[PDB]
Each structure stands twice: as structure tokens, then as C-alpha cells.
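Consider the single chain below, provided in C-alpha cells and representing the form solved without the named molecule.
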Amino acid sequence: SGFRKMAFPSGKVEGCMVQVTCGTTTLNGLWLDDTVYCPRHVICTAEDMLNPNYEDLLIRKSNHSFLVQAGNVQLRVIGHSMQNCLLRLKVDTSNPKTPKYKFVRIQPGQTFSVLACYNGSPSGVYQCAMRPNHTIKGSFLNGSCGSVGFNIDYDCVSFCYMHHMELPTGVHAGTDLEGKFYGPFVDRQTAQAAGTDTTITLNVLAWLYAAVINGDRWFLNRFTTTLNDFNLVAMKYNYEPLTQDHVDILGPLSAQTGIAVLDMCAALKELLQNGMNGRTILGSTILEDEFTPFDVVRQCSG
């Protein structure tokens, strides 16, 4: 076998994408039941973007100012409201393709699939992790805004993200499906910045455990370490320091495999300090930090 990073099948989400247009702006929307969710900035221009009063802009519009196209077929908007940074459009027809779904808020380090869209049309899917600074590095070839992140739990779709903008650093920021941003970011074209781009230490560890599980074990060692010393080294290399909850989360993977979390931490410490000297783990020539402890526990071994 071996290891490949995978996104969840996008079919159930593809049937919920639509196009939303206001004036000259066209972007992607999420049609569930009789509602279409999209970033509220679709009602802006670029002039407005500089310091917008959304309550003011919103009231200047009717149901008719909104054009939502599900393919080459038009949907009629019969109402609207704003819920934090999303526009919540009521339409005259419930989406026959609505999957069983939930709205969940995720946290940094957690993973999900993203169906990148194109002014209403799905064109690609990828798997990513919300970075420690609450951003997403899915560097969209910068085409269409308002794409969606999700997970699939059995037959149920968990939507957790909706794309909103590009930060002046080239990385992305967005919202949960309640319209609340991830990160200390806002709905405006004021230059603001993401925190330090760091590596998700917890995911790299999960990944090293997966390497052990699939027989890769050359980086291991006889040393152990303390959480503090491990953390001191971690930070020097731009890795997130590991909190006590994070090591609990690795218990299950520690119990199976029989390698104690601090033992694995000692293995990582040595990789950081000595590089990999041209060498691979589960294939990559670099450490992977977009597979969670649960992802490894899913795919490899119940």
C-alpha cells in the first residue's frame, strides 16, 4: 500500500453549488433546501470594499437584484437576510439534491475537503488542514470566491468552511456556515495579516505513527524527551508547541503501535535537528502535516 492524501468524494456537494450574481459580481453559492448561502461581499464593488456598511448596502436591494443560476436554469429569490458574514437567500424551490447535512465549526489543525468552484461551476477538489493561523493554503488559481469545505461522516455532509478572500500574503480566509470568520479577519479591503505560518506538529506526529503502522521506521530512536524540551526544539523550527490535550489526542495511536508519544516526539526532534539527508517517509521527501490523528486512525486501522 503506502500513503496518499485524499479528499472526500465531491458528488454530494457538487449538486448543491449554484451561481450568485449582483450587479457585476458573480460567485459561488451553497443551495440547501430552500436557501442559498454565499459571502455577503457579493453586494460590494471594489470601491465599497475599502470600508463597507453592509447593513446599508443590503437594504438598498430587492429579491430581484439577485440572480441565482443552478446550471443554465434560473432560481427565483423570494427573500433575504444577513447572518454575520453570509447572505442567507430564500428561494422559491427546495434543492432536490440536498444531502443529509450539518454545519460544524472546525479548529486549526483539523482537515476537510474543498470543492473549488468557478462562478457556479465545480472544477476541482482538494484535501487541506486549517492552518494554526486560521488560514488555508489552498492556493486557488484565484478564480472563483465562495467555495466550500466539508467532511463526510458516513452519508452525512458536514460543511465547515466557505471561502471569502485572499490575504495580502497569498493565503486564504473564510467563514463557517454561520458566517463567522475563522481567524481575526474581516469582510474589508483593509490590509490585515495572518499570524506566523507554522507547521501542525500534532499532524506530523500522527503521520509518523502512520509511517510506523505501514512499516516505515528508520527515523525512530532509543531516546525519549520531555514535553518542554521537545517543545523548545519544536518552536525553534516553526512547529507549533504541543499542548497537553494534543498528546491525549495521540493516545489511541500510541496504544496501538506501542510507541509512547514522548518517544515519537524524540524521533521528530532528531529529524528536525538533522534533516532527512535525502530520504523518505511513506514516500515524501518532506514531513506531511495535513493528516490528522483521526485521519490516520480512519484509513489505516480501526
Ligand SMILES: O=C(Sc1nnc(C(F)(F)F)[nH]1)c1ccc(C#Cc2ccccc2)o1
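Basically, rigid core = biggest C-alpha set you can superpose within 1.5 Å across the two forms. Just count from 1 along the sequence shown to find any residue number.
From this point on, the text means the form solved in complex with the named molecule, which you will not see here.
Student: According to a 4.5 angstroms non-hydrogen atom cut-off, is residue 216 in contact with the named molecule in the deposited bound form?
Tutor: Looking in the deposited bound form, residue contacts with the named molecule do not include residue 216, since no heavy atom lies within 4.5 Å.
Student: So, in the deposited bound form, is residue 127 in contact with the named molecule at a 4.5 angstroms heavy atom limit?
Tutor: Close contact is absent here: in the deposited bound form, residue 127 is far from the named molecule, nothing within 4.5 Å, heavy atoms only.
Student: Applying a 4.5 Å heavy atom distance criterion, does residue 269 contact the named molecule in the deposited bound form?
Tutor: Contact with the named molecule, no.
Student: With a cut-off of 4.5 Å between heavy atoms, is residue 63 one of the residues that contacts the named molecule in the deposited bound form?
Tutor: Result no; residue 63 lies far from the named molecule in the deposited bound form.
Student: Of the listed stretches (162 to 170, 221 to 229, 91 to 99, 69 to 77), which one has a non-hydrogen atom within 4.5 Å of the named molecule in the deposited bound form?
Tutor: This holds for exactly one stretch, 162 to 170.
Student: Which listed residue (83, 107, 190, 196) meets the criterion of a heavy atom within 4.5 Å of the named molecule in the deposited bound form?
Tutor: Among 83, 107, 190, 196, a heavy atom within 4.5 Å of the named molecule in the deposited bound form occurs only for 190.
Student: For 34 to 48: residues with a non-hydrogen atom within 4.5 angstroms of the named molecule in the deposited bound form?
Tutor: The one in contact is 41.
Student: Looking between the shown form and the other one after fitting on the rigid core, I'd like to know which of 107, 94, 84, 142 has a C-alpha displacement of 2 Å or more.
Tutor: So the only displaced C-alpha belongs to 142.
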